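Asker: Sequence first, structure after, both from an experimental entry:
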Amino acid sequence: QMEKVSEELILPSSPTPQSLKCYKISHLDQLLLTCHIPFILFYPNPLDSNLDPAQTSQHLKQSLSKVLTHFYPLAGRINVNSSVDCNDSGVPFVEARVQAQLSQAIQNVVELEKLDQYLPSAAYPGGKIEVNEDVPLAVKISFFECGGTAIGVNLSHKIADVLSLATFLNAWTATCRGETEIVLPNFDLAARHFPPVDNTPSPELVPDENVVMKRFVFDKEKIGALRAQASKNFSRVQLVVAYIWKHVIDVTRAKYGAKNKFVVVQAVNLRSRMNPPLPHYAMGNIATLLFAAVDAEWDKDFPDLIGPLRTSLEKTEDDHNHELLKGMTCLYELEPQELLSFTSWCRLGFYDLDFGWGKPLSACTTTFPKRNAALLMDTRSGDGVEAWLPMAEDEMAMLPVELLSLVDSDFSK
């Protein structure tokens, strides 16, 4: 049970010069949704400090304001498909009080959809409030009775991938700590290497109906089991993707008939795959789609899908435009149940984000309302992998026990 305290718009601490040049929209951005990337950190009550909500909010707001001088496009408004007006309209900053302790509130989140309340605005369609598609950035801080807090961020996907979210949060937290050495964003590179195309529509998101998301947790010991069953050098992600893919194939072939192929698609950072690479601090959607597939009759063991996936990660001799056309070519003559997808928030330093009073207890997100559109995240120990997997309720139910046992709803530990 929470109550809103206030909403304000945070401006950059010095106005954006009419001179300065706002973020130019790239081709890759044009192809993305106008939905937001919803991101949530829960912090315990600090052991060093004894700061008032008011004081904690002041540090946060002043430091946001300072850092928006470098991330000024984030205070503008998006002009969909083409550009961003750097008009310093400001970032919505929401403050709430929740009548409960942190641990009590997040130790048994049965419906992950209820994490919505920690977001400052809608990320996706289908709630009571419409998405504000023009707003690049909004934030919310919720204060618990214990001293614990939650910071929710909605960053527009038309203007950022999760690497760009991380560039932003590293800068914001670091500014809040009062450091002089921030890693500065680069806003120019994206449209240089991927120039936009005129009249390109942004795709609309139509939510699917019977979808729930659960967080399936694979800890060090579980990965070890997978690693060991697979015996070659197997990384954490390959093992987990393979394992889930095997089990969603079984559900798909049992509910629906087996038809054409089964595909899995991973969205990974394109910066490090360029020849030569782009820096991690280039802002914008700079990501690519890597495909793996097995035909309809497949039915083998989960280590058998790893080949397909490893082969999938190979950087190719083919240019971006071709990679994209292949991608779209396969995606469109696929029936909706034949696609499984994974985006990764892996290895982005989210559990190191320290505003000045400690590192997170948990990082979460909200329900992307489409079947089989999953999300891989780090675990607080750097061991293990969290899979945030949305599915049709009836389909999730058909998963085997060895998988469904991994569902974890305690975010307090």
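Answerer: On my side now, so go ahead. Numbering: from 1, shown residues only.

Asker: and the residue nearest to residue 24 when sequence neighbours are not counted, what does it touch?
Answerer: What sits nearest to residue 24 in space, not counting adjacent residues and going by CB to CB, 6 or more residues apart in numbering, is residue 191, at 3.9 Å. To be clear about C-beta, it is placed using only N, CA and C from the backbone, and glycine gets the same treatment. By CB atoms under 8 Å, 6 or more residues apart in numbering, the contact list for residue 191 reads 24-26, 284.

Asker: Kindly indicate the member of these with the most neighbours.
Answerer: residue 284 (29 neighbours; other CB atoms under 10 Å).

Asker: and that one, backbone torsions?
Answerer: The phi and psi values for residue 284, taken as degrees, to the nearest 10, are phi 120, psi 170.

Asker: How about residue 404?
Answerer: Torsion angles, degrees, to the nearest 10, at residue 404: phi -60, psi -30.

Asker: and the gap between it and residue 33?
Answerer: 30 Å (CB to CB, to the nearest Å).

Asker: If you count surrounding residues, which of those two has more?
Answerer: When residue 404 and residue 33 are compared on other CB under 10 Å, the one with more neighbours turns out to be residue 33, at 17 against 14.

Asker: Let me see the contact set for the more buried one.
Answerer: So, once contact is read as CB under 8 Å, 6+ apart, residue 33 ends up touching 157-158, 202-205.

Asker: Give me the buried subset of these.
Answerer: Buried residues within these, defined by neighbour count using 16 or more other CB atoms under 10 Å: 157-158, 202, 205.

Asker: closest to residue 412 among those?
Answerer: Set against residue 412, the nearest of these by CB to CB is residue 157 (29.2 Å).

Asker: Take the buried ones among the contacts of residue 33 and write them to CSV, including distance to residue 93 and secondary structure.
Answerer: What follows is the buried ones among the contacts of residue 33, written out as CSV (distance: CB to CB, whole Å; DSSP: H, G, I helix; E, B strand; the rest coil):
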residue, distance to residue 93, secondary structure
157, 20, coil
158, 21, coil
202, 26, coil
205, 26, coil
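
Asker: Switch the residues you listed over to JSON lines; also include distance to residue 118.
Answerer: Compiled in JSON lines, these are given as follows (distance: CB to CB, whole Å):
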{"residue": "157", "distance to residue 118": "19"}
{"residue": "158", "distance to residue 118": "22"}
{"residue": "202", "distance to residue 118": "27"}
{"residue": "205", "distance to residue 118": "21"}
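
Asker: From the residues you listed, pick the one nearest residue 303.
Answerer: residue 157 (34.0 Å).

Asker: List the ones among the contacts of residue 191 that fall in helices.
Answerer: Judged by DSSP state H, those include no members of helices.

Asker: Quick check: closest non-adjacent residue to the residue of the chain most remote from its centre.
Answerer: Going by CA atoms, centre = their mean, the residue of the chain most distant from its centre is residue 297, 33.2 Å out. Residue nearest to residue 297 in three dimensions, not counting chain neighbours: residue 258, with 6.8 Å by CB to CB, 6+ apart.

Asker: contacting residues for the one you found?
Answerer: Counted by CB under 8 Å, 6+ apart, residue 258 has contacts 252, 296-297.

Asker: Output stretch 4-24 as CSV - backbone C-alpha positions only.
Answerer: Output of stretch 4-24 as CSV, limited to C-alpha atoms (Å, rounded to 0.1, in the frame of the first residue of the first chain):
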residue,chain,number,x,y,z
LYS,A,4,2.3,9.4,-3.9
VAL,A,5,4.1,12.3,-2.2
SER,A,6,5.0,14.4,-5.2
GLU,A,7,5.9,14.6,-8.9
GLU,A,8,8.4,17.2,-10.3
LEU,A,9,10.3,17.6,-13.5
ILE,A,10,14.1,17.5,-13.2
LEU,A,11,15.9,19.8,-15.5
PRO,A,12,19.7,19.8,-16.4
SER,A,13,21.4,22.1,-13.9
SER,A,14,22.4,24.5,-16.7
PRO,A,15,20.0,24.9,-19.7
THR,A,16,20.8,23.2,-22.9
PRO,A,17,22.4,25.6,-25.3
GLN,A,18,20.3,26.2,-28.4
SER,A,19,23.6,25.3,-30.0
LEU,A,20,24.3,21.9,-28.6
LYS,A,21,22.7,19.3,-31.0
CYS,A,22,20.3,16.7,-29.7
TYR,A,23,20.5,13.0,-30.2
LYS,A,24,20.0,12.0,-33.8
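
Asker: contacts for it?
Answerer: Contacts for stretch 4-24 (CB under 8 Å, 6+ apart): 61, 64-66, 68-69, 72-73, 75-76, 83-86, 88-97, 120, 139, 159, 187-188, 190-191, 196, 283-284.

Asker: Can you show me the strands along the chain?
Answerer: 2-10, 36-43, 77-79, 83-85, 91-98, 137-143, 149-156, 211-218, 262-269, 287-294, 339-345, 362-364, 373-378, 385-392 (DSSP state E).

Asker: Regarding the chain, what is its longest helix?
Answerer: helix 236-255.

Asker: Kindly report the domain assignment for the protein.
Answerer: Annotated domains of the chain cover 1-207, 208-413 [curated CATH domains].

Asker: on that earlier part again, quick one: which of the strands of the chain is nearest residue 326?
Answerer: So among those, strand 287-294 is nearest, using CB to CB, at 7.5 Å.

Asker: counting contacts, what elements does that closest one pack onto?
Answerer: The elements that strand 287-294 packs onto, with contact taken as 3 or more CB pairs under 8 Å, 6 or more residues apart in numbering; DSSP states H and E, are strand 262-269, helix 306-312, helix 320-332.

Asker: hang on, the earlier thing: in TSV: the strands of the chain, plus distance to residue 57 and mean neighbour count.
Answerer: Output for these, formatted as TSV (distance: least, CB to CB, whole Å; neighbours: other CB atoms under 10 Å):
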stretch	distance to residue 57	mean neighbour count
strand 2-10	9	14
strand 36-43	13	24
strand 77-79	24	18
strand 83-85	27	18
strand 91-98	6	20
strand 137-143	6	24
strand 149-156	10	25
strand 211-218	29	20
strand 262-269	33	21
strand 287-294	33	19
strand 339-345	26	21
strand 362-364	21	21
strand 373-378	27	22
strand 385-392	29	22
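
Asker: which stretch among those comes nearest residue 240?
Answerer: strand 385-392 (4.8 Å).
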